[PDB]
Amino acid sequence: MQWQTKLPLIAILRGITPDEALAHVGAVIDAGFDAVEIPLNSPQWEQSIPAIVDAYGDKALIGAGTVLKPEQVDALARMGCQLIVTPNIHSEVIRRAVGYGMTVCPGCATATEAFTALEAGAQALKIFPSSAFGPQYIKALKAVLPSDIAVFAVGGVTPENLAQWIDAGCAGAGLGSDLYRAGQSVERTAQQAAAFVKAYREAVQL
């Protein structure tokens, strides 16, 4: 499947707090993001996730990252979570999430793990961590995966290096600490988001 949002960039907001969630999510969205996730190792995700679903779920794909256990999927479903991101391939996590009609983008590092993820019904794939591997690793995989699989680079993706993940055939990227680190200002988030979006538009044109 191709990606089902206007812009194939996932904003990852690791360690954000409930009191600052609405302002930082507003900042990425104002810049043209329409896919956002909050990792479950963030404090009080059980407050900020459903808060953000209600505030921004009509105009963006909202979800969760670092999802490791099936029962976490269950709780997130009741919250209105629409997107599941993961560091690893766990078949039952993927199966349960797909069952709720959620978009799942699970993390793998090898060809074996990637084909496993697809059999579980993953609609997209996350290659993690992408930096250590480089773009040529991704291009080598794409040549053997089904032609229409949406593939995301995650791990040290910058506005400066984004274009080479695009050239390698990625549908997009998930953006972590180069977009958001815990305790940075709203202005920093709005500055970084604009720069990523600008770099993407340039890369796609080329």
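So that there is no doubt, residue numbering starts at 1 and follows the sequence shown.
Check your understanding: Where do the C-alpha atoms have the higher mean temperature factor in this entry, in 109 to 117 or in 94 to 102?
Key -> Between 94 to 102 and 109 to 117, it is 94 to 102 that shows the higher mean C-alpha B-factor.
Exercise for review: Going by the recorded CA B-factors, say which third of the chain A153 sits in, lowest, middle or highest.
Suggested key: Ranked within chain, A153 CA B lands in the middle tercile.
**Study point:** Record-listed C-alpha B factor of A132: chain third
**Key:** It belongs to the highest third of the chain when residues are ordered by C-alpha B-factor.
**Study point:** Chain thirds of CA B-factor: placement of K69
**Key:** Its C-alpha B-factor belongs to the middle third of this chain's values.
Exercise for review: Select lowest, middle or highest to describe the third in which the CA B-factor of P159 falls within its chain in this entry.
Suggested key: Answer is highest: the recorded C-alpha B-factor places it there.
Review point. Thinking about Cα B factors across the chain, which third does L145 belong to?
Key: For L145, whose C-alpha B-factor we compare with every modelled residue in the chain, the answer is the highest third.
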